[PDB]
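Report on the following structure.
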Amino acid sequence: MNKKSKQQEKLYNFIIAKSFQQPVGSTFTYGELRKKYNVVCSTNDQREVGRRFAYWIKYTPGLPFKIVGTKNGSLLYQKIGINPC
């Protein structure tokens, strides 16, 4: 919608790109990707992006990711292969 937080858009755009850059087979959590973000942001902005990410990945079809378990109380994702055959 029209109104939005510039700060969360930036962190989210980064998390998305960083997830796609994961090599095939690698496992990761949101917090592992978040800690590689160079800019400081509030805990509030971290958790909002975390949840927008957790639902993007779980309900957007055709993404090269799946859930494989948990790690340190967070969901554990895995980058999977994109190009069968």
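Labels used: A, B, ... for chains in the order of the structure tokens, numbers from 1 for residues in each chain, and numbers from 1 for ligands as shown.
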12 Å contact set for region 62-78 of chain A, only C-alpha atoms, chain neighbours under 5 positions out, as a PDB file with N, CA, C and O atoms, in the first residue's frame:
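Written file, around11.pdb:
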```
ATOM      1  N   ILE A  16      15.801 -10.802   1.076  1.00  0.00           N
ATOM      2  CA  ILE A  16      15.326 -11.551  -0.082  1.00  0.00           C
ATOM      3  C   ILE A  16      16.497 -11.908  -0.986  1.00  0.00           C
ATOM      4  O   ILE A  16      16.707 -13.074  -1.332  1.00  0.00           O
ATOM      5  N   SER A  19      18.822 -14.415   0.495  1.00  0.00           N
ATOM      6  CA  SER A  19      18.311 -15.785   0.501  1.00  0.00           C
ATOM      7  C   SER A  19      18.516 -16.450  -0.858  1.00  0.00           C
ATOM      8  O   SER A  19      18.933 -17.609  -0.931  1.00  0.00           O
ATOM      9  N   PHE A  20      18.265 -15.727  -1.948  1.00  0.00           N
ATOM     10  CA  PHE A  20      18.454 -16.314  -3.272  1.00  0.00           C
ATOM     11  C   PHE A  20      19.919 -16.623  -3.552  1.00  0.00           C
ATOM     12  O   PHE A  20      20.215 -17.545  -4.319  1.00  0.00           O
ATOM     13  N   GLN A  21      20.843 -15.866  -2.959  1.00  0.00           N
ATOM     14  CA  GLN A  21      22.270 -16.084  -3.163  1.00  0.00           C
ATOM     15  C   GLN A  21      22.796 -17.291  -2.409  1.00  0.00           C
ATOM     16  O   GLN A  21      23.911 -17.736  -2.681  1.00  0.00           O
ATOM     17  N   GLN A  22      22.044 -17.812  -1.464  1.00  0.00           N
ATOM     18  CA  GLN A  22      22.449 -19.034  -0.797  1.00  0.00           C
ATOM     19  C   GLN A  22      22.756 -20.112  -1.834  1.00  0.00           C
ATOM     20  O   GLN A  22      22.018 -20.249  -2.820  1.00  0.00           O
ATOM     21  N   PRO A  23      23.836 -20.876  -1.662  1.00  0.00           N
ATOM     22  CA  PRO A  23      24.093 -21.993  -2.578  1.00  0.00           C
ATOM     23  C   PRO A  23      23.127 -23.146  -2.349  1.00  0.00           C
ATOM     24  O   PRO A  23      22.632 -23.372  -1.241  1.00  0.00           O
ATOM     25  N   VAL A  24      22.855 -23.874  -3.432  1.00  0.00           N
ATOM     26  CA  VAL A  24      21.959 -25.018  -3.363  1.00  0.00           C
ATOM     27  C   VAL A  24      22.392 -25.950  -2.243  1.00  0.00           C
ATOM     28  O   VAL A  24      23.585 -26.183  -2.029  1.00  0.00           O
ATOM     29  N   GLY A  25      21.406 -26.490  -1.524  1.00  0.00           N
ATOM     30  CA  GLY A  25      21.637 -27.358  -0.400  1.00  0.00           C
ATOM     31  C   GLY A  25      21.897 -26.671   0.923  1.00  0.00           C
ATOM     32  O   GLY A  25      21.682 -27.287   1.970  1.00  0.00           O
ATOM     33  N   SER A  26      22.362 -25.429   0.926  1.00  0.00           N
ATOM     34  CA  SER A  26      22.689 -24.788   2.195  1.00  0.00           C
ATOM     35  C   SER A  26      21.435 -24.545   3.030  1.00  0.00           C
ATOM     36  O   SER A  26      20.359 -24.249   2.505  1.00  0.00           O
ATOM     37  N   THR A  27      21.584 -24.685   4.344  1.00  0.00           N
ATOM     38  CA  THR A  27      20.536 -24.341   5.295  1.00  0.00           C
ATOM     39  C   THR A  27      20.824 -22.990   5.939  1.00  0.00           C
ATOM     40  O   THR A  27      21.976 -22.576   6.062  1.00  0.00           O
ATOM     41  N   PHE A  28      19.761 -22.295   6.341  1.00  0.00           N
ATOM     42  CA  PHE A  28      19.907 -20.972   6.935  1.00  0.00           C
ATOM     43  C   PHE A  28      18.633 -20.595   7.683  1.00  0.00           C
ATOM     44  O   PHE A  28      17.548 -21.132   7.424  1.00  0.00           O
ATOM     45  N   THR A  29      18.793 -19.669   8.624  1.00  0.00           N
ATOM     46  CA  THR A  29      17.697 -19.011   9.327  1.00  0.00           C
ATOM     47  C   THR A  29      17.647 -17.532   8.968  1.00  0.00           C
ATOM     48  O   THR A  29      18.585 -16.958   8.398  1.00  0.00           O
ATOM     49  N   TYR A  30      16.527 -16.907   9.328  1.00  0.00           N
ATOM     50  CA  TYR A  30      16.386 -15.472   9.115  1.00  0.00           C
ATOM     51  C   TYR A  30      17.471 -14.695   9.857  1.00  0.00           C
ATOM     52  O   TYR A  30      18.053 -13.752   9.310  1.00  0.00           O
ATOM     53  N   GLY A  31      17.741 -15.068  11.111  1.00  0.00           N
ATOM     54  CA  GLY A  31      18.715 -14.343  11.905  1.00  0.00           C
ATOM     55  C   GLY A  31      20.124 -14.438  11.357  1.00  0.00           C
ATOM     56  O   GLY A  31      20.909 -13.499  11.493  1.00  0.00           O
ATOM     57  N   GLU A  32      20.470 -15.566  10.733  1.00  0.00           N
ATOM     58  CA  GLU A  32      21.785 -15.676  10.113  1.00  0.00           C
ATOM     59  C   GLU A  32      21.925 -14.697   8.958  1.00  0.00           C
ATOM     60  O   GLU A  32      22.976 -14.066   8.797  1.00  0.00           O
ATOM     61  N   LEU A  33      20.868 -14.533   8.161  1.00  0.00           N
ATOM     62  CA  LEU A  33      20.924 -13.572   7.067  1.00  0.00           C
ATOM     63  C   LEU A  33      20.873 -12.149   7.592  1.00  0.00           C
ATOM     64  O   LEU A  33      21.526 -11.254   7.046  1.00  0.00           O
ATOM     65  N   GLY A  50      11.361  -9.971   9.692  1.00  0.00           N
ATOM     66  CA  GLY A  50      11.380 -11.408   9.895  1.00  0.00           C
ATOM     67  C   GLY A  50      10.057 -12.053   9.552  1.00  0.00           C
ATOM     68  O   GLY A  50      10.006 -13.075   8.862  1.00  0.00           O
ATOM     69  N   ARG A  51       8.961 -11.450  10.010  1.00  0.00           N
ATOM     70  CA  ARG A  51       7.650 -12.042   9.780  1.00  0.00           C
ATOM     71  C   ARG A  51       7.215 -11.869   8.329  1.00  0.00           C
ATOM     72  O   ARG A  51       6.664 -12.797   7.727  1.00  0.00           O
ATOM     73  N   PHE A  53       9.164 -11.930   5.955  1.00  0.00           N
ATOM     74  CA  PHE A  53      10.002 -12.885   5.239  1.00  0.00           C
ATOM     75  C   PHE A  53       9.484 -14.302   5.418  1.00  0.00           C
ATOM     76  O   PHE A  53       9.375 -15.054   4.448  1.00  0.00           O
ATOM     77  N   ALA A  54       9.144 -14.661   6.651  1.00  0.00           N
ATOM     78  CA  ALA A  54       8.658 -15.998   6.942  1.00  0.00           C
ATOM     79  C   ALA A  54       7.398 -16.334   6.154  1.00  0.00           C
ATOM     80  O   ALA A  54       7.159 -17.508   5.851  1.00  0.00           O
ATOM     81  N   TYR A  55       6.587 -15.330   5.804  1.00  0.00           N
ATOM     82  CA  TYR A  55       5.345 -15.580   5.087  1.00  0.00           C
ATOM     83  C   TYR A  55       5.526 -15.456   3.582  1.00  0.00           C
ATOM     84  O   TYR A  55       4.860 -16.170   2.818  1.00  0.00           O
ATOM     85  N   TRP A  56       6.438 -14.593   3.142  1.00  0.00           N
ATOM     86  CA  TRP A  56       6.828 -14.575   1.738  1.00  0.00           C
ATOM     87  C   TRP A  56       7.317 -15.945   1.298  1.00  0.00           C
ATOM     88  O   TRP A  56       6.929 -16.457   0.241  1.00  0.00           O
ATOM     89  N   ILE A  57       8.169 -16.554   2.113  1.00  0.00           N
ATOM     90  CA  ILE A  57       8.858 -17.770   1.717  1.00  0.00           C
ATOM     91  C   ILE A  57       7.910 -18.954   1.799  1.00  0.00           C
ATOM     92  O   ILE A  57       8.014 -19.899   1.014  1.00  0.00           O
ATOM     93  N   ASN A  83      16.580 -26.039 -11.321  1.00  0.00           N
ATOM     94  CA  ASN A  83      16.646 -26.358 -12.745  1.00  0.00           C
ATOM     95  C   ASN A  83      16.677 -27.874 -12.939  1.00  0.00           C
ATOM     96  O   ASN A  83      17.717 -28.451 -13.278  1.00  0.00           O
ATOM     97  N   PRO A  84      15.547 -28.550 -12.747  1.00  0.00           N
ATOM     98  CA  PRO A  84      15.543 -30.018 -12.829  1.00  0.00           C
ATOM     99  C   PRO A  84      15.835 -30.528 -14.233  1.00  0.00           C
ATOM    100  O   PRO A  84      15.563 -29.860 -15.233  1.00  0.00           O
TER     101      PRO A  84
END
```
Just list the residues in chain A DSSP gives strand (DSSP E or B) on the backbone, as a PyMOL selection string.
chain A and resi 27-28+65-71+74-79
Tell me, which residues of chain A carry DSSP helix (DSSP H, G or I), written as a count of residues only?
38
List as a list in words the protein and nucleic acid residues near residue 48 (chain A), meaning an atom at most 12 Å away when only C-alpha atoms are counted, but skip any in the same chain fewer than 5 places from it.
residues 4, 5, 7, 8, 9, 11, 12, 30, 41, 42, 43, 53, 54 and 55 of chain A
Any chance you could export the current selection's N, CA, C and O atoms as an mmCIF file, in the first residue's frame?
```cif
data_model
loop_
_atom_site.group_PDB
_atom_site.id
_atom_site.type_symbol
_atom_site.label_atom_id
_atom_site.label_comp_id
_atom_site.auth_asym_id
_atom_site.auth_seq_id
_atom_site.Cartn_x
_atom_site.Cartn_y
_atom_site.Cartn_z
ATOM 1 N N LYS A 4 4.555 3.245 3.986
ATOM 2 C CA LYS A 4 5.502 2.168 4.252
ATOM 3 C C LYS A 4 6.732 2.723 4.956
ATOM 4 O O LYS A 4 7.034 3.918 4.875
ATOM 5 N N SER A 5 7.440 1.824 5.641
ATOM 6 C CA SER A 5 8.671 2.148 6.355
ATOM 7 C C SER A 5 9.858 1.957 5.415
ATOM 8 O O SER A 5 10.164 0.831 5.020
ATOM 9 N N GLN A 7 12.911 2.049 6.104
ATOM 10 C CA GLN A 7 13.947 1.253 6.752
ATOM 11 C C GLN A 7 13.681 -0.242 6.600
ATOM 12 O O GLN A 7 14.613 -1.027 6.378
ATOM 13 N N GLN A 8 12.421 -0.662 6.739
ATOM 14 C CA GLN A 8 12.105 -2.083 6.633
ATOM 15 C C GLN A 8 12.148 -2.548 5.185
ATOM 16 O O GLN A 8 12.593 -3.663 4.904
ATOM 17 N N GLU A 9 11.718 -1.700 4.249
ATOM 18 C CA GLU A 9 11.850 -2.043 2.840
ATOM 19 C C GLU A 9 13.295 -2.364 2.490
ATOM 20 O O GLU A 9 13.559 -3.284 1.708
ATOM 21 N N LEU A 11 15.901 -3.379 4.538
ATOM 22 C CA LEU A 11 16.316 -4.643 5.126
ATOM 23 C C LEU A 11 15.649 -5.828 4.425
ATOM 24 O O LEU A 11 16.301 -6.845 4.166
ATOM 25 N N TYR A 12 14.352 -5.712 4.105
ATOM 26 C CA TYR A 12 13.644 -6.800 3.435
ATOM 27 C C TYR A 12 14.228 -7.071 2.051
ATOM 28 O O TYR A 12 14.493 -8.225 1.692
ATOM 29 N N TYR A 30 16.527 -16.907 9.328
ATOM 30 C CA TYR A 30 16.386 -15.472 9.115
ATOM 31 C C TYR A 30 17.471 -14.695 9.857
ATOM 32 O O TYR A 30 18.053 -13.752 9.310
ATOM 33 N N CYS A 41 19.518 -1.384 12.666
ATOM 34 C CA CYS A 41 18.089 -1.113 12.689
ATOM 35 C C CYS A 41 17.510 -1.624 13.997
ATOM 36 O O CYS A 41 18.081 -2.493 14.662
ATOM 37 N N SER A 42 16.368 -1.056 14.360
ATOM 38 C CA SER A 42 15.751 -1.371 15.635
ATOM 39 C C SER A 42 15.348 -2.837 15.694
ATOM 40 O O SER A 42 15.156 -3.501 14.674
ATOM 41 N N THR A 43 15.210 -3.335 16.920
ATOM 42 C CA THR A 43 14.608 -4.644 17.115
ATOM 43 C C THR A 43 13.221 -4.698 16.489
ATOM 44 O O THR A 43 12.816 -5.725 15.933
ATOM 45 N N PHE A 53 9.164 -11.930 5.955
ATOM 46 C CA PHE A 53 10.002 -12.885 5.239
ATOM 47 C C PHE A 53 9.484 -14.302 5.418
ATOM 48 O O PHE A 53 9.375 -15.054 4.448
ATOM 49 N N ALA A 54 9.144 -14.661 6.651
ATOM 50 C CA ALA A 54 8.658 -15.998 6.942
ATOM 51 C C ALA A 54 7.398 -16.334 6.154
ATOM 52 O O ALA A 54 7.159 -17.508 5.851
ATOM 53 N N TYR A 55 6.587 -15.330 5.804
ATOM 54 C CA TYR A 55 5.345 -15.580 5.087
ATOM 55 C C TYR A 55 5.526 -15.456 3.582
ATOM 56 O O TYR A 55 4.860 -16.170 2.818
#
```
How many Å lie between CA of residue 61 (chain A) and CA of residue 44 (chain A), rounded to one decimal?
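Result for CA of residue 61 (chain A) versus CA of residue 44 (chain A): 27.6 Å, one decimal.
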CA of residue 34 (chain A) to CA of residue 15 (chain A), straight-line distance in Å:
6.7 Å
